[PDB]
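Read the structure below first, then the notes.
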Amino acid sequence: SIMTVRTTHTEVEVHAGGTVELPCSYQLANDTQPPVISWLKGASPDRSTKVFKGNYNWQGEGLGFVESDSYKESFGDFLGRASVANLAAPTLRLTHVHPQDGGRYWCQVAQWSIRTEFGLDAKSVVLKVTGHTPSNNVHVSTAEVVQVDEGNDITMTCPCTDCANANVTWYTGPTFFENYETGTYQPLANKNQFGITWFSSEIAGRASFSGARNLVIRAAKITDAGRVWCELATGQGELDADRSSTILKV
Numbered sequence: 003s004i005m006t007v008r009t010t011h012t013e014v015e016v017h018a019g020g021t022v023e024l025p026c027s028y029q030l031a032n033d034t035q036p037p038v039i040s041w042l043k044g045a046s047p048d049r050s051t052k053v054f055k056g057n058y059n060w061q062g063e064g065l066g067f068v069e070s071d072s073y074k075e076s077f078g079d080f081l082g083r084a085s086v087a088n089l090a091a092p093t094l095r096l097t098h099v100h101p102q103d104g105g106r107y108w109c110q111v112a113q114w115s116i117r118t119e120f121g122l123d124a125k126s127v128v129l130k131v132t133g134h135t136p137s138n139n140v141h142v143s144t145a146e147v148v149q150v151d152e153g154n155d156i157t158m159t160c161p162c163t164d165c166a167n168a169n170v171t172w173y174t175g176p177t178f179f180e181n182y183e184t185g186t187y188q189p190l191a192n193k194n195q196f197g198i199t200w201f202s203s204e205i206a207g208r209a210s211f212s213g214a215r216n217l218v219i220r221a222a223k224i225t226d227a228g229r230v231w232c233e234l235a236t237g238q239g240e241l242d243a244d245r246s247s248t249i250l251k252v
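The numbers in the authors' numbering rise by one with no breaks, and the one at position 181 of the sequence shown is 183.
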């Protein structure tokens, strides 16, 4: 059962006072338990504030989910203004938009009682409030799934836009032994704008960067399988960072 989240728009603009919709869709196979939909605002899923959370309620074998039997809640500054009309295609609607609503929003969908990095995915969408939010913010969009035969090497790419001179950090996971909501992302590799690189003990000695972003892993191990993330950051602000995941098969 692998979770994959997709977004049709990288950025959506809206005049202050108006209403906006941030598209989101997901795919989850081999699992009939209702996943938890989470919309989070921030630089990354693990460093954000809650906007909305929801999930269908298991009906029964063969019984599909019913929008009416579900948990849906908006939080904090978004309470009463944020909603998701269809949890199966969790696009977010935010009404009465304020300048402060501008920023980076994450659509995260995770299996119920998530216990594997394979059951969670997330992608971000920039909410631009006409006349207040800067445009042309970093955007990352990686392959959903790639595979490499044991013993072989693979080059994982990190396609992007408005990513010139960005710091690059790859992660694995997230894992859920300390945090169940978003999990914790484990650093895998890093390359700063000074040409200095770092690699986790799991791959140090058989990995390197190819170009400015791509991570090359040599002599693939079965324990290498899992989800990896490529994050590009051009600053400390939430609009200054983005990340996307890829499932690495064997």
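The C-beta atom is built at its ideal place from N, Cα and C for all residues, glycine as well.
Rounded straight-line distance, which links the Cα of residue j to that of residue i
i	j	result
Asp48	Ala221	31 Å
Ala90	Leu30	10 Å
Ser72	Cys162	36 Å
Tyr187	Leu65	35 Å
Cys26	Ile198	36 Å
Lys55	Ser126	15 Å
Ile224	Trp60	34 Å
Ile4	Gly213	29 Å
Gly78	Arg208	45 Å
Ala191	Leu217	8 Å
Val38	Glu63	19 Å
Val111	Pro36	10 Å
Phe179	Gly185	8 Å
C-beta atoms of residue i and residue j nearer than 8 Å
i	j	result
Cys160	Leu241	no
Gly44	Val99	no
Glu119	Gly228	yes
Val140	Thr236	yes
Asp123	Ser247	yes
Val7	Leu96	no
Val150	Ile156	yes
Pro136	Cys109	no
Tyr182	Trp231	no
Residue range of the beta strand (DSSP E) that includes residue i
i	result
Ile219	216-219
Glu75	72-76
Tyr28	27-30
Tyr187	186-193
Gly105	105-112
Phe211	209-212
Residue i Cβ short of 7 Å to the ligand GDP heavy atom set
i	result
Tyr173	The ligand GDP is absent from the structure shown, which contains no ligand whatsoever.
DSSP state of residue i mapped onto helix, strand, coil
i	result
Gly62	strand
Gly44	strand
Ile224	helix
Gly121	helix
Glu13	strand
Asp79	helix
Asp242	helix
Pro176	strand
8 Å Cβ cutoff, residue i in contact with chain D
i	result
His100	Considering every chain present, this structure includes no chain D. It has just one protein chain.
Inter-stretch contact at 8 Å, needing at least 3 Cβ pairs: the region 111-118 / the region 71-85: no
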